[PDB]
Structure formats: structure tokens, C-alpha cells
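Residue numbers (PDB author numbering), protein chains in the order written: chain A, 12 to 562; chain B, 3 to 168; chain C, 4 to 34.
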Ligand code: HAS
Ligand code: HEM
Ligand SMILES: CCCCCCCC/C=C\CCCCCCCC(=O)OC[C@H](O)CO
Ligand code: CUA
Ligand SMILES: [O-][O-]
Ligand SMILES: [Cu+2]
């Protein structure tokens with residue numbers, strides 16, 4: 012800790028992160044039962060008395076699970092890992108600043124959320140008007156990542172100062188293109204908070220234009236998903252191959268995936284605005300095409316990762332078409348959790364690809380399908396990857412060991428989570444296909460969707476299954492976090508970074524990819540090009556409208 | 003061995019990358035198609051049409067729901083829908099089958115959904131703006147409108163009806 | 004040759020294909 016103070020900072024990012032996840036997830040099974048046509052909210056309201064509505068709980072769930080936990084995780088992973096690869100200390104003053112910004116922002120935002128003063132959901136679309144403490148508290152939380160951005164660019168430049176004419180190391184390159192992307196990405200929401208949300212919630216302006224808010228929101232709105240995703244990819248790419256018993260089959264192909272994410276993660280936001288008025292169809296088509304493009308790096312990722320796993324499995328004795336699968340370390344939860352998350356990502360990305368296809372969005376937009384799509388994505392792949400990291404990262408950060416028993420419980424939590432997520436995914440997609448809306452207390456209109464009787468059952472089962480997983484995870488996290496035993500040979504042991512398989516790389520591409528400034532600029536131009544004209548028009552004809560509180 | 007596997011993996015990844023690229027392009031081609039057909043009617047007209055949410059019920063085409071249905075063509079009807087908390091006017095919307103229906107929908111309070119069950123009509127409704135979509139009902143009868151965008155505590159019970167006459 | 008990888012992407016493609024074709028058909032039914 013004196014030698015590596017970055018350990019303690021990263022530890023705080025993780026723990027606060029999982030805390031958000033646990034409290035956020037408490038509302039999960041209840042919402043699952045709701046989409047199963049079962050009303051267990053009276054029970055929840057006795058247990059947690061401050062919960063006033065299904066929709067206050069939905070806010071807590073999304074904000075806490077999708078915004079808070081994921082970010083804290085991203086900040087933990089994409090700071091520590093580049094730092095451990097480069098064997099250099101981060102700017103510690105900055106690292107504690109960013110933590111405190113996140114904590115304080117969280118606590119301030121939590122105040123009105125718990126008090127039923129900002130029941131607006133995690134999208135907070137105007138004219139639904141939340142408490143100023145929510146918009147401020149959110150802002151300070153999100154901004155904390157600019158401080159993260161600095162820290163990593165700092166580490167980066169320092170290294171390059173000591174290493175001119177050397178290419179950027181794999182994890183650090185990932186983390187740099189990641190953060191730089193997030194900076195552009197984040198400009199949408201920053202603008203929306205600063206020009207509209209904050210002034211409005213404080214009383215400074217009377218109204219906000221709903222269309223311009225939604226547009227600026229979804230600027231940040233999409234890339235924030237890749238912001239959640241990439242920390243899990245960085246682990247899947249540079250660590251998972253080792254845990255699997257193999258190596259990363261390609262370093263350049265990893266960089267390409269990541270580069271493509273810097274270039275294609277922001278200029279696509281209109282795919283959330285397919286059914287919005289006042290946006291030209293030609294821009295909706297452009298974005299759709301560009302969205303289809305951004306799916307390429309994950310398509311690419313699918314193969315590289317799968318190849319790496321095959322390599323691992325063959326190295327461990329697996330023979331045949333399917334034999335390498337069974338040869339993998341299915342006893343190790345650090346390996347199991349991500350692999351399972353990648354499995355569900357198949358249907359997850361598949362549903363995403365449908366969502367992007369402009370007109371096909373009308374079939375599914377705003378139905379239970381969407382929730383089904385994204386739970387495979389963030390609530391499964393990201394969450395499970397973070398879950399499995401406990402079994403290598405927590406010991407690395409605390410010295411505390413993972414007992415054999417604790418590893419077994421780890422497998423169980425992981426598997427049950429995965430399965431519940433699959434089950435729920437089936438129930439929601441199908442329900443969405445039956446026109447069942449998202450964001451709806453549907454168990455309170457029990458005669459409204461009789462056609463959805465079947466998928467409702469999956470939803471219920473999913474609810475109880477995921478209640479069990481979450482329960483086991485709570486017990487299990489605290490068993491390792493509040494464990495008596497501590498062993499510092501574990502804290503000093505290296506991060507299980509994989510090696511890169513022996514292939515003459517194409518040093519040409521790697522070098523081109525390393526011209527980061529160039530690529531950052533390009534990425535910026537593409538955002539100006541995809542968003543510029545449309546925002547120009549919208550600002551030229553603003554039509555602000557009174558806020559409303561309807562809860 | 004390791005030298006060999008790298009060549010083979012990369013050889014087939016390039017294959018894969020090309021194939022997925024094609025598949026994506028073919029989709030793009032298939033999406034471009036739908037924009038040329040009548041099914042594209044449901045895509046909102048991208049034009050900005052500002053209105054005043056505070057006075058929309060006192061003055062304008064939304065002020066008399068009984069007169070919100072208006073023949074604008076030989077075979078075309080414009081309908082002025084108000085989506086509000088928590089319902090839709092008119093109730094019901096009545097249109098004839100085979101006629102092209104141009105829905106001009108707006109909100110006096112918060113953002114609502116306008117999703118016509120059984121159909122591709124699925125459009126966000128924003129206060130201050132008129133959302134414009136086009137559909138031709140091919141089967142007579144009673145379609146349901148659902149509000150698929152969270153609008154407050156009346157959300158789950160906010161429903162509308164379109165009746166299509168022969 | 005990476006037989007396992009190819010299997011995985013085979014599954015991935017079929018999933019995308021069933022998904023995409025599925026929803027396309029549904030779109031036209033509702034058209
Ligand atoms: C982490 C977060 C998420 C990711 C990733 C993400 C990816 C996609 N999204 Fe999405 N998204 C949309 C389209 C996509 C597309 C094009 C992709 C793509 O990036 C997908 C690429 C993925 C693939 C093509 C899959 C590759 C598979 C891999 C990499 C695994 C292979 C398996 C292996 C290797 C296992 C092998 C193991 C063995 C041993 C066998 C659209 C619209 O076009 C909407 C709006 C819909 C509407 O109408 O409202 C949407 C909705 C959402 C929402 C809701 C928004 C809201 O709250 O209003 C969120 C939260 C979200 C999150 C996420 N989504 N998305
Ligand atoms: C105990 C496991 C969990 C279950 C059973 C569960 C269940 C659900 C259900 C059924 C809904 C849809 C509710 C509605 O549309 O009204 C929902 C929405 C959502 N879930 Fe979860 N979920 C869980 C954990 C997670 C996690 C780990 C995350 C991501 C990190 C997450 C992210 C979200 C978000 C983003 C929303 C959308 C909220 C909104 O529309 O405002 N879920 N969850
Ligand atoms: C592994 C867990 C993942 C969960 C998997 C999600 C389930 C949805 C599956 C496939 C979508 C296919 C679309 C469904 C199309 C059914 C209707 C159909 O086939 O349409 C024909 C007709 O023209 C119109 O009614
Ligand atoms: Cu109006 Cu939900
Ligand atoms: O948002 O994907
Ligand atoms: Cu998106």
C-alpha cells in the first residue's frame with residue numbers, strides 16, 4: 012500500500028461499485044416478477060419503507076446498476092490495469108480526487124432519489140423535472156471520469172517520454188483510446204446538463220426543449236454503453252486468455268477492435284431517436300449505417316476471443332470440434348463468469364443489430380424487447396466479468412485469499428446469474444414481440460396483456476432464480492471482503508496478464524494505430540459531421556416547455 | 003505449431019471479417035428497400051413543427067377532438083391526436099380502412115408513447131412538437147394504442163383506441 | 004484451422020440471421 016497506493020484507490024472504486032450494484036439489484040427480482048404479471052411490491056414496501064412507487068425503484072435500479080456501478084468499475088479497471096502494465100504510479104492526488112467526486116456526487120444524487128424527489132428514470136427526459144440535487148449530483152459523478160481521463164493520458168505521455176520510438180503497450184493503448192473516446196462521448200450529456208438541465212432545475216429557465224435534450228442526451232447515450240463494455244473487453248482480451256490456459260491470439264487485432272470503438276462509438280446516437288419527430292430520416296439512415304459499422308469491432312472481437320479460447324482449450328488437451336470447450340478451466344469462476352457473459356452476448360448483439368436497422372426498430376422500440384437486449388449486454392456480460400474478477404483482482408488488491416469453498420460459491424453465483432439472465436432475456440424479447448411496453452408496472456393492469464402469459468412465466472422464474480443469485484452474491488462478497496485471513500504474497504503476485512501468441516505481427520498496422528492524436532481528431536470530425544448539421548437546426552428553432560412532476 | 007496457428011487463425015479471421023461485412027451490407031440493402039415502400043410511412047416526417055403545449059387544448063386542431071378527423075385527400079385523412087396524462091383524444095379515433103391516415107400527434111404535459119398494437123406505428127410524442135406518421139389500415143376493427151414511454155404513475159394504464167370501419 | 008472459433012461464429016451468424024429475418028418478417032406483417 013505504501014509501495015502501491017493505487018491498490019487502495021482501486022479497491023475503493025470497486026467496493027463502492029459493488030455496493031451500488033447490490034442496492035440497485037435489490038429491485039431486480041421485483042421488476043422481474045412484474046414482467047411476469049406478479050405484484051410483490053407490497054412486500055418490498057414493508058421491507059424498504061421509503062420506496063413509494065415501482066417507478067422510484069426503476070430509477071434506483073437503472074441509475075445505481077447501469078450508471079453508478081458500471082462507471083466505478085470502468086474507472087477501477089481502466090486505470091489500474093494500464094498502470095500495472097506500465098509499472099508506473101498514477102497521479103495519486105488525482106486518483107483520490109476522482110474517487111471523492113464520485114462518492115460525493117453519488118451521495119448528493121442519492122438524497123433526492125431516496126426521497127422520491129427525482130423519480131424520472133436513468134434517462135431523465137424533460138419535461139419530467141427532477142430535483143436539482145439529482146442533476147448536480149449526477150454531473151459531479153460523471154465528471155469524475157474527466158479526472159480519470161487525465162490520469163491515464165498522464166501515465167501514457169510519461170511512459171512515452173521515457174520510451175520514444177516505442178509503440179504503446181496493449182492495455183495502455185486500449186485504455187487511452189477508451190478514455191479519449193469517453194471524453195468525446197461525454198460532451199453530449201455535459202452540454203445537456205450545463206446548458207439546460209442545471210439552469211432549469213435551479214429555476215434559472217422556465218422550460219427545456221425536449222427534442223434538443225433527447226438529442227444531446229443520446230450523443231453521450233450510446234457511447235456510454237461501450238464505456239461500460241470496454242473494461243470487460245480489456246479483461247477478456249488481455250487477462251482471460253491466461254485464466255483460460257492460453258494466450259491472446261493477436262495483439263494488433265485487439266488494437267483494431269479498440270480503435271474502431273474510438274472511431275465509431277459516438278456518431279450513432281440517432282438509433283435511440285428512430286421514433287423521434289423533428290429529425291430528418293436521411294440522418295436516421297446515416298446513423299443506422301454507422302451503427303451497423305460499430306457492430307464490426309464486436310464481431311471482430313467474437314472471433315479473436317473464441318480463437319484464443321480454442322487455443323487455450325487445445326493446449327489443455329482438448330481434441331475435436333467441441334473437445335476444447337470441455338478442456339477449459341470450468342472450475343475457475345474468474346474464467347467461467349466472462350465466458351458465460353460472452354455466450355449470452357450472442358443473442359444480445361443479435362438483438363442490438365435488429366435495433367439498429369431503422370424501420371425494424373418500430374417493431375421493438377420501447378417494448379420489453381429492449382430491456383431484454385441490454386440485460387444480455389450490461390447486466391450479464393459486463394456484470395459477470397466484474398463478478399469473476401473478484402477471484403483474481405480482490406486478492407491482488409487486498410491480500411485476502413479466496414478459499415476453496417468461496418470459489419465454489421463463486422461458480423454457483425455466476426451460473427445462477429447467467430441462467431436467470433438467459434431466462435429473463437427469453438421472457439422479455441418474446442413479451443416485447445407481443446407489444447408489452449417497457450418501463451411499466453404491468454402487474455397493476457393484470458388483464459392488459461393476456462397474450463403474454465407464456466413469457467410471463469419465464470420472467471417469474473427468472474425473478475426467483477436471480478433473487479437467489481443476488482442473495483448468494485451478497486453473502487459471498489461479504490465473506491471475502493470481511494474475511495479474517497490476509498496473505499501479502501497474493502497482493503504482490505503479478506496480475507494474470509496473458510501473453511501474446513507468437514505471430515510476426517504486422518508492425519505497419521500497429522504503428523499506424525499508434526498515431527493516436529490523428530485518430531482522436533478523426534473521431535471528433537465524425538461527431539461534428541454526424542451531429543453538427545442536426546444540432547445546428549435544433550438550436551436555431553428551440554421550443555422550451557414547462558417541467559412536470561407526475562409522481 | 004504456435005507459429006502455424008497464428009497464420010491459420012488470422013487467415014480465417016480475415017474470411018470472417020469479410021463475411022460479416024457482407025451480411026451487414028446486405029441488411030443495409032434490405033433496410034434501404036423498406037424506405038422505398040409504403041411501410042416507410044411510419045417513419046416520422048423529419049420536419050420541425052412547433053406548437054404551444056400550454057394552449058394546445060384551448061386553440062388549434064387539438065382543441066375539438068370531435069373534429070380531429072379531417073379528409074385531406076381523395077383517399078387521405080389527417081387526424082389530430084393529443085396524447086396526454088393519462089390518455090388520448092379523440093377516444094376512439096375513427097378512420098375508414100384503405101385510407102391513408104396521417105397522424106399529427108402532440109403532448110400538453112410530458113413525453114408519451116404512441117404505439118398502435120398490431121401495427122408498425124410506434125412514435126415518441128414530445129410536448130412543443132407535432133409528430134407526423136402515416137399508415138393505411140388494411141384490416142377493419144379495433145386497434146389499441148399503448149403509451150410505451152414512461153410518463154409518470156398513470157403510465158401503465160394509459161391506453162387509447164383506434165376503430166377502423168369497413 | 005480454428006474449427007472451434009468457426010463453430011462459434013457459425014452460431015453467432017445463425018442467431019443474427021434468425022433474429023434479423025424474424026423481425027423483418029414481423030415488420031412486414033404489421034406493414
Ligand atoms: C454494455 C452495453 C450495451 C452494448 C454492448 C450494446 C450493444 C449494441 N446495442 Fe444496445 N442499443 C441498440 C443497438 C445495439 C448495437 C448495434 C450494439 C452492438 O454493439 C452489438 C455488437 C455485438 C455482436 C455482433 C455480438 C458479438 C459477440 C461476441 C463478442 C461474443 C461471442 C461469444 C464467444 C467468444 C463465446 C465463446 C465461448 C465458448 C467456449 C463456446 C439500439 C438501436 O440501434 C438501441 C435502442 C433500441 C430502442 O428502440 O430503444 C439499444 C438499446 C440499448 C439500451 C437501452 C437504451 C435506453 O435505456 O433507452 C442500453 C442500456 C444498451 C446497452 C448496450 N447495447 N443498448
Ligand atoms: C437481479 C438481476 C436483475 C434483474 C432480475 C433485473 C430485472 C430487470 C427488469 C425486469 C427490468 C425492466 C423493468 C422495466 O422495463 O420496467 C430491468 C431494467 C433495467 N435494468 Fe435490470 N435486472 C437486474 C440487474 C441489472 C443489472 C446488473 C443492470 C446493469 C448493470 C441492469 C440494468 C438495467 C437498466 C439499465 C434498466 C432500465 C431502466 C429504465 O428503463 O429506466 N439490470 N431490470
Ligand atoms: C439465449 C437467450 C436469448 C433469448 C432469445 C430471444 C428470443 C427471440 C428470438 C428470435 C427473434 C426472431 C423474431 C421472432 C419472429 C417470430 C414471428 C415470425 O416468424 O413471423 C412470421 C410472420 O410473417 C410474422 O407474424
Ligand atoms: Cu403516457 Cu406512458
Ligand atoms: O446503447 O446500445
Ligand atoms: Cu445505442
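We put the beta carbon where it would ideally sit given N, CA and C, even for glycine.
- Per DSSP, the beta-bridge partners of residue 559 of chain A are A/139.
- Counting only runs of 4+ residues, the alpha helix (DSSP H) found wholly inside the stretch 497-558 of chain A occupies 499-503, 518-524, 527-551, in chain order.
- Take the alpha-carbon of residue 179 of chain A and the one of residue 165 of chain A: they are about 13 Å apart.
- Those residues having their beta-carbon less than 6 Å away from any non-hydrogen atom of ligand 5 are, in chain order, A/233, A/236.
- Here the distance from the Cβ of residue 152 of chain B to the nearest heavy atom of ligand 4 is below 7 Å.
- Sequence-distant partners of residue 555 of chain A (beyond 5 residues in either direction) whose C-beta falls short of 6 Å from its own C-beta, in its chain, are 218, 219, 220.
- Of A/103, A/53, A/117, A/52, the smallest CA-CA separation from residue 82 of chain A is found for A/117.
- Below the 7 Å Cβ cutoff, chain A contributes no neighbours of residue 93 of chain B, its closest Cβ being approximately 17 Å away.
- Sequence-distant partners of residue 129 of chain B (beyond 5 residues in either direction) whose C-beta falls short of 8 Å from its own C-beta, in its chain, are 55, 108, 109, 110, 111, 112, 113.
- Here the alpha carbons of residue 17 of chain C and residue 26 of chain B stand approximately 13 Å from one another.
- The closest heavy atom of ligand 3 lies less than 7 Å from the beta carbon of residue 21 of chain C.
- Given a length threshold of 4 residues, the stretch 75-147 of chain B has no whole run of the alpha helix (DSSP H) inside it.
- For the C-beta of residue 78 of chain A, not a single chain B residue is nearer than 7 Å; the gap to the nearest is close to 16 Å.
- Within 7 Å of the C-beta of residue 222 of chain A there is not a single heavy atom belonging to ligand 1.
- Contact check for residue 110 of chain A against residue 20 of chain A passes: the beta carbons are separated by less than 8 Å.
- At least one C-beta of chain C is nearer than 8 Å to the C-beta of residue 29 of chain B.
- Contact annotation: the stretch 126-142 of chain B touches the stretch 282-301 of chain A, with at least three C-beta pairs closer than 8 Å.
- Runs of the alpha helix (DSSP H) spanning 4 or more residues and lying entirely within the stretch 223-276 of chain A occur at 234-249, 251-255, 262-275, in chain order.
- Annotation for residue 307 of chain A: 271, 275 place their beta carbon closer than 8 Å to its own, counting only its chain and skipping 5 residues before and after.
- When the five nearest sequence neighbours on each side are left out, the beta carbons in the same chain lying within less than 8 Å of the beta carbon of residue 491 of chain A are those of 401, 405, 411, 413, 417, in order along the chain.
- CA-CA distance, residue 516 of chain A to residue 260 of chain A, rounds to 11 Å.
- In this structure, DSSP gives residue 57 of chain B a state outside helix and strand, which the three-state scheme calls coil.
- A residue is called buried when at least 16 other Cβ atoms come within 10 angstroms of its Cβ; residue 240 of chain A meets this threshold and is buried.
- Assignment of beta-bridge partners to residue 406 of chain A by DSSP yields no partner.
- The residues 103, in chain order, have a CB closer than 6 Å to that of residue 16 of chain A in the same chain once the five nearest residues on each side in sequence are set aside.
- Proximity of residue 40 of chain B to chain A, defined by a Cβ-Cβ separation below 8 Å, is not satisfied.
- The Cβ neighbour count for residue 262 of chain A, taken over all protein chains shown within 10 Å, is at least 16; the residue is labelled buried.
- The Cβ atoms of residue 268 of chain A and residue 302 of chain A lie no closer than 8 Å to each other.
- Neighbourhood of residue 13 of chain C in chain A, by CB distance below 9 Å: empty, with the nearest CB roughly 10 Å away.
- Taking one beta carbon from each stretch, the stretch 250-257 of chain A and the stretch 331-343 of chain A have 3 or more pairs nearer than 8 Å; the two touch.
- Assignment of alpha helix (DSSP H) within the stretch 328-389 of chain A, counting only whole runs of 4 or more residues, yields 334-337, 344-367, 372-375, 380-387 in chain order.
- A contact is defined here as three or more CB-CB pairs under 8 Å, and the stretch 6-16 of chain C fails this definition with respect to the stretch 90-109 of chain B.
- The C-beta of residue 79 of chain B comes no closer than 8 Å to any C-beta of chain C.
- At least one CB atom of chain B sits nearer than 8 Å to the CB of residue 30 of chain C.
- The C-beta separation of residue 352 of chain A from residue 309 of chain A comes to about 13 Å, leaving the pair out of contact by the 8 Å criterion.
- If you draw a 10 Å sphere on the C-beta of residue 90 of chain B, you find 16 or more other C-beta atoms in it, and that means buried.
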